[PDB]
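First up is the structure itself, then whatever we jot down about it.
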Amino acid sequence: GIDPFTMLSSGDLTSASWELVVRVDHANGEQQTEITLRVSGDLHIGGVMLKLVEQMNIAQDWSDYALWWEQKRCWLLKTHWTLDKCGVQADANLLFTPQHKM
């Protein structure tokens with residue numbers, strides 16, 4: 001037997017990797033950067049956050065950066081959670097903007 005449907009664990013691996021467009025909204029209002037990362041869903045938010053910074057590679061202080069979900073109006077602060085766990089997939093637009101610390 002052995003089926004990939006029974007309550008996970010022996011079902012889904014990571015084959016489902018979809019490209020997510022993240023629009024980087026720079027907190028200075030200088031420019032927006034459209035970065036496309038192909039994620040496997042099992043990628044946790046914190047990892048995506050790091051990849052954005054690496055993609056632009058800009059010499060400015062990202063005092064406090066995170067993801068802004070446009071279609072839900074919410075800040076991704078569940079970095080310990082995955083994309084699939086949060087519920088954010090390629091069907092949604094994702095904005096990367098610094099919450100600019102306190």
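Each chain in the structure tokens gets a letter, A, B, ..., in the order shown, and its residues are numbered from 1; ligands are numbered from 1 in order too.
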With a cut-off of 9 Å, could you pull out the residues of range 35-80 of chain A touching range 7-22 of chain A and give me the nearest pair of atoms for each, distance in Å to one decimal, using only C-alpha atoms, ordered by chain and ascending number, as JSON lines?
```
{"residue": "A:35", "atom": "CA", "partner": "A:22", "partner_atom": "CA", "distance": 5.2}
{"residue": "A:36", "atom": "CA", "partner": "A:21", "partner_atom": "CA", "distance": 4.3}
{"residue": "A:37", "atom": "CA", "partner": "A:19", "partner_atom": "CA", "distance": 5.3}
{"residue": "A:38", "atom": "CA", "partner": "A:19", "partner_atom": "CA", "distance": 3.8}
{"residue": "A:39", "atom": "CA", "partner": "A:17", "partner_atom": "CA", "distance": 5.1}
{"residue": "A:40", "atom": "CA", "partner": "A:17", "partner_atom": "CA", "distance": 3.8}
{"residue": "A:41", "atom": "CA", "partner": "A:17", "partner_atom": "CA", "distance": 6.6}
{"residue": "A:42", "atom": "CA", "partner": "A:14", "partner_atom": "CA", "distance": 7.0}
{"residue": "A:52", "atom": "CA", "partner": "A:22", "partner_atom": "CA", "distance": 8.1}
{"residue": "A:67", "atom": "CA", "partner": "A:22", "partner_atom": "CA", "distance": 8.6}
```
Go ahead and save the picked residues with C-alpha atoms, as a tab-separated table (two decimals), in the first residue's frame.
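Contents of the output file part_3.tsv:
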```
chain	number	residue	atom	x	y	z
A	35	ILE	CA	11.53	40.24	-6.70
A	36	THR	CA	10.45	36.77	-7.79
A	37	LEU	CA	11.41	33.83	-5.58
A	38	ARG	CA	10.45	30.23	-6.24
A	39	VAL	CA	9.35	28.74	-2.96
A	40	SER	CA	8.31	25.20	-2.09
A	41	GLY	CA	5.62	26.30	0.30
A	42	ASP	CA	7.35	24.53	3.20
A	52	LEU	CA	14.59	39.52	-0.27
A	67	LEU	CA	6.34	40.90	4.76
```
What does the structure give for the distance between CA of residue 27 in chain A and CA of residue 100 in chain A, in Å to one decimal? 7.1 Å
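The coordinates place CA of residue 74 in chain A at 22.8 Å from CA of residue 61 in chain A.
Excluding residue 62 in chain A itself and same-chain residues fewer than 5 positions from it, the residues having an atom within 10 Å of it are residues 26, 27, 53, 97, 98, 99, 100 and 101 of chain A, counting only C-alpha atoms.
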Write to file, as a PDB file, in the first residue's frame, the residues of the selection just made, with C-alpha atoms.
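Generated output (out_1.pdb):
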```pdb
ATOM      1  CA  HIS A  26      11.241  50.778   0.335  1.00  0.00           C
ATOM      2  CA  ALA A  27      10.358  52.750   3.473  1.00  0.00           C
ATOM      3  CA  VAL A  53      17.466  41.404   1.361  1.00  0.00           C
ATOM      4  CA  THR A  97       8.325  46.530   3.380  1.00  0.00           C
ATOM      5  CA  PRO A  98      10.163  47.450   6.591  1.00  0.00           C
ATOM      6  CA  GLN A  99       7.877  48.188   9.532  1.00  0.00           C
ATOM      7  CA  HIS A 100      10.589  50.748  10.260  1.00  0.00           C
ATOM      8  CA  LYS A 101      11.060  49.567  13.877  1.00  0.00           C
TER       9      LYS A 101
END
```
Any chance you could list, as a PyMOL selection string, the residues in chain A that come up strand (DSSP E) when DSSP is run on the backbone? chain A and resi 18-25+32-39+65-69+74-76+94-98
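Distance check against residue 63 in chain A using only C-alpha atoms: of A:102, A:49, A:91, A:30, the minimum falls on A:102.
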Let me make sure I understand: among A:32, A:6, A:55, A:71, which one has the smallest atom-to-atom distance to residue 94 in chain A if we use only C-alpha atoms?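 Among A:32, A:6, A:55, A:71, it is A:71 that comes nearest to residue 94 in chain A.
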What are the DSSP alpha helix (DSSP H) residues of chain A, as a list in words?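 Listing alpha helix (DSSP H) positions across chain A yields residues 45, 46, 47, 48, 49, 50, 51, 52, 53, 54, 55, 56, 83, 84, 85 and 86 of chain A.
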Write out as a PDB file with C-alpha atoms, in the first residue's frame the residues lying within 12 Å of residue 73 in chain A, counting only C-alpha atoms and excluding same-chain residues fewer than 2 positions away.
```pdb
ATOM      1  CA  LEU A  67       6.343  40.897   4.756  1.00  0.00           C
ATOM      2  CA  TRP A  68       3.110  42.791   4.230  1.00  0.00           C
ATOM      3  CA  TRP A  69       0.248  40.719   2.874  1.00  0.00           C
ATOM      4  CA  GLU A  70      -1.702  43.127   0.679  1.00  0.00           C
ATOM      5  CA  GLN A  71      -4.775  40.967   0.126  1.00  0.00           C
ATOM      6  CA  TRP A  75       2.245  41.894   8.710  1.00  0.00           C
ATOM      7  CA  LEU A  76       3.893  38.489   8.482  1.00  0.00           C
ATOM      8  CA  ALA A  92      -1.831  36.340  -3.379  1.00  0.00           C
ATOM      9  CA  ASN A  93       0.309  39.444  -3.815  1.00  0.00           C
ATOM     10  CA  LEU A  94       3.028  39.953  -1.238  1.00  0.00           C
ATOM     11  CA  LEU A  95       4.663  43.268  -0.382  1.00  0.00           C
TER      12      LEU A  95
END
```
Mind pulling up the distance from CA of residue 24 in chain A to CA of residue 83 in chain A?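 Taking CA of residue 83 in chain A as the start and CA of residue 24 in chain A as the end point, the length is 17.4 Å.
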Got a sec: who's within 8 Å of residue 79 in chain A, counting only C-alpha atoms, leaving out chain neighbours fewer than 4 positions off, as a PDB file with N, CA, C and O atoms, in the first residue's frame?
```
ATOM      1  N   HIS A  44       9.659  28.684   5.505  1.00  0.00           N
ATOM      2  CA  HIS A  44       9.141  29.558   6.553  1.00  0.00           C
ATOM      3  C   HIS A  44       9.375  31.028   6.200  1.00  0.00           C
ATOM      4  O   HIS A  44      10.343  31.359   5.509  1.00  0.00           O
ATOM      5  N   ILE A  45       8.486  31.895   6.686  1.00  0.00           N
ATOM      6  CA  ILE A  45       8.484  33.319   6.339  1.00  0.00           C
ATOM      7  C   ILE A  45       9.843  33.981   6.573  1.00  0.00           C
ATOM      8  O   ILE A  45      10.310  34.761   5.739  1.00  0.00           O
ATOM      9  N   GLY A  46      10.481  33.652   7.694  1.00  0.00           N
ATOM     10  CA  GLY A  46      11.767  34.247   8.031  1.00  0.00           C
ATOM     11  C   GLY A  46      12.821  34.018   6.961  1.00  0.00           C
ATOM     12  O   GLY A  46      13.684  34.868   6.735  1.00  0.00           O
ATOM     13  N   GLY A  47      12.738  32.877   6.287  1.00  0.00           N
ATOM     14  CA  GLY A  47      13.690  32.563   5.242  1.00  0.00           C
ATOM     15  C   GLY A  47      13.479  33.431   4.023  1.00  0.00           C
ATOM     16  O   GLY A  47      14.436  33.894   3.405  1.00  0.00           O
TER      17      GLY A  47
END
```
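Between residue 64 in chain A and the candidates A:96, A:33, A:89, A:48, the tightest atom-to-atom separation, counting only C-alpha atoms, involves A:96.
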